[PDB]
Amino acid sequence: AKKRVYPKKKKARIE
Amino acid sequence: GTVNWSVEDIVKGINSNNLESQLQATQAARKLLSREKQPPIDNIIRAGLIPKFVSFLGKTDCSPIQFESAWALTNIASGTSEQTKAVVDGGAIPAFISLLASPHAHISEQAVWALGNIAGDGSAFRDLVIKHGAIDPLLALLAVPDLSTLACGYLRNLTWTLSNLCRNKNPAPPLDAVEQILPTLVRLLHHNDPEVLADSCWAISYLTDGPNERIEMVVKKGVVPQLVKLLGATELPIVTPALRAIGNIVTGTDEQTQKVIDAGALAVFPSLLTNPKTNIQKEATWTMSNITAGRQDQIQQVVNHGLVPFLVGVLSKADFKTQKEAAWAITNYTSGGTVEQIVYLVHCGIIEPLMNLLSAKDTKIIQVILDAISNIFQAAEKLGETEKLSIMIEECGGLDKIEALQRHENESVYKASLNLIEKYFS
């Protein structure tokens with residue numbers, strides 16, 4: 001009964 | 001007109017006292033940095049052009065050069081930490097925060113993008129952007145009656161930059177900054193654009209990943225029902241961050257987990273625990289394990305929703321990480337469950353697959369399996385059916401594996417299986 005414990009971080013504008 | 005320029009030509013045009021030549025050179029630099037294959041970011045930085053672009057950002061009398069310099073600096077800051085630091089060292093943060101109030105939407109959007117890159121570099125630059133006072137103008141850009149009147153890409157970029165301002169820990173964002181930003185994230189989370197919804201869910205998952213104070217901050221705003229709704233969404237880009245946020249929330253106190261349960265999240269787990277995406281199955285099993293580690297009424301809620309059979313199935317066949325999360329869930333169940341609940345779990349057919357995973361080559365999962373076995377045997381001793389479970393574990397071929405593990409490298413599993421074999425099979 002014990003408790004425990006992705007998108008782009010940077011983006012370039014490209015054409 | 002400005003395609004395939006050389007860095008030498010760009011520097012020559014920037015060093016001229018002609019604003020129009022400077023604009024042409026800046027445009028050429030932007031185009032050169034807007035190629036997918038190997039943008040010469042390092043060459044541009046070495047030429048010492050970042051200060052010039054930062055100075056151009058402030059030429060309100062010439063908005064074209066403002067936009068071009070903003071684009072170039074955005075692309076530069078989108079690279080390594082060294083390049084983002086190069087952009088920041090030129091004083092670009094205050095310039096971009098000033099341009100956030102530009103009368104041209106396509107320039108304020110580029111400022112938002114650049115600040116988002118800078119903040120996304122890490123918690124240091126994030127806190128620095130917050131210190132220069134970006135949250136106020138960023139949120140002012142969203143102070144509209146209906147969010148649908150804004151450009152789709154504009155709103156998407158704003159949401160992404162806000163999410164970046166919410167992300168990263170060690171340290172987490174400033175508590176007062178999170179309090180300032182949360183209402184706008186609630187509003188965006190009720191928006192209808194799928195990409196904006198995904199970014200908002202990611203921001204919420206960022207904010208919910210930490211001490212229970214942050215989880216409480218988020219839950220007090222009443223977004224858990226909307227998070228469950230998005231958990232039921234059809235688009236995986238939206239379901240993933242919503243499930244991450246729900247998992248983070250359930251890692252907190254039993255009262256926050258109960259708030260999550262009341263929203264109806266469990267009713268969505270029949271499909272999440274069988275979702276085609278292995279990552280979704282793993283995340284959902286992790287959430288279920290964190291839920292089974294709570295009070296007994298919550299375990300009974302899990303039972304009533306018919307999720308014990310789904311946990312059995314996940315433990316029987318799934319990616320090994322999902323199976324480990326399921327083993328953790330079963331161990332928490334047996335540790336905090338009611339004798340009747342352990343009986344029901346065993347009746348659902350968990351013993352055979354739980355011994356099947358005893359052949360795993362990971363010491364931690366074997367320890368968890370044996371800890372759950374100890375819990376179940378204690379329940380059986382209480383109920384007086386220890387011999388029944390002994391015969392069960394011996395019939396499915398698991399006690400063979402326990403005898404084998406009796407001579408295991410790790411001492412914890414060694415002692416656990418030894419105690420089991422000596423106290424139940426002698």
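Proteins come first, then strands; the chains are lettered A, B, ... in the order of their sequence lines, and each starts at number 1.
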- Note on the structure: Of B/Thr80, B/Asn117, B/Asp121, the one forming a side chain to side chain donor-acceptor pair (under 3.5 Å) with A/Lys10 is B/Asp121
- Message: Testing the basics here: between B/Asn290 and A/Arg4, what is the closest heavy-atom pair and its distance to 0.1 Å?
- Response: OD1-N, 3.0 Å
- Item | chain A interface, residue from B/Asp209, B/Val250, B/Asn168, B/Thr292 that has the most non-hydrogen pairs under 4.5 Å | B/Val250
- Message: Return the OG to NZ distance between B/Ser78 and A/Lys11, rounded to the nearest 0.5 Å.
- Response: 11.0 Å
- With a 4.5 Å heavy-atom cut-off, do B/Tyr206 and A/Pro7 have their side chains touching? yes
- When rounded to the nearest 0.5 Å, the distance separating NZ of B/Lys31 from CD of A/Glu15 is 7.5 Å
- How close do B/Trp160 and A/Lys8 get, heavy atom to heavy atom, and via which atoms? NE1-O, 3.0 Å
- Query: When only pairs under 4.5 Å are counted, which of B/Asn75, B/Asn375, B/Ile118 shares the most heavy-atom pairs with chain A?
  - Reply: B/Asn75
- Note on the structure: Here the gap from A/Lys2 atom NZ to B/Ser335 atom OG, rounded to the nearest 0.5 Å, amounts to 8.5 Å
- Message: Counting heavy-atom pairs under 4.5 Å with chain A, which one of B/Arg167, B/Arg244, B/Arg295 comes out on top?
- Response: B/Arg167
- With a 4.5 angstrom heavy-atom cut-off, could you sort out which part of B/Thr257 is near chain A: side chain, backbone, both or neither? side chain
- Winner by heavy-atom pair count (cut-off under 4.5 Å) against chain A, out of B/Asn157, B/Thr334, B/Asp199, B/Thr251: B/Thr251
- Task: Check whether any side-chain heavy atom of B/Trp328 lies under 4.5 Å from a side-chain heavy atom of A/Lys3, and answer yes or no.
- Result: no
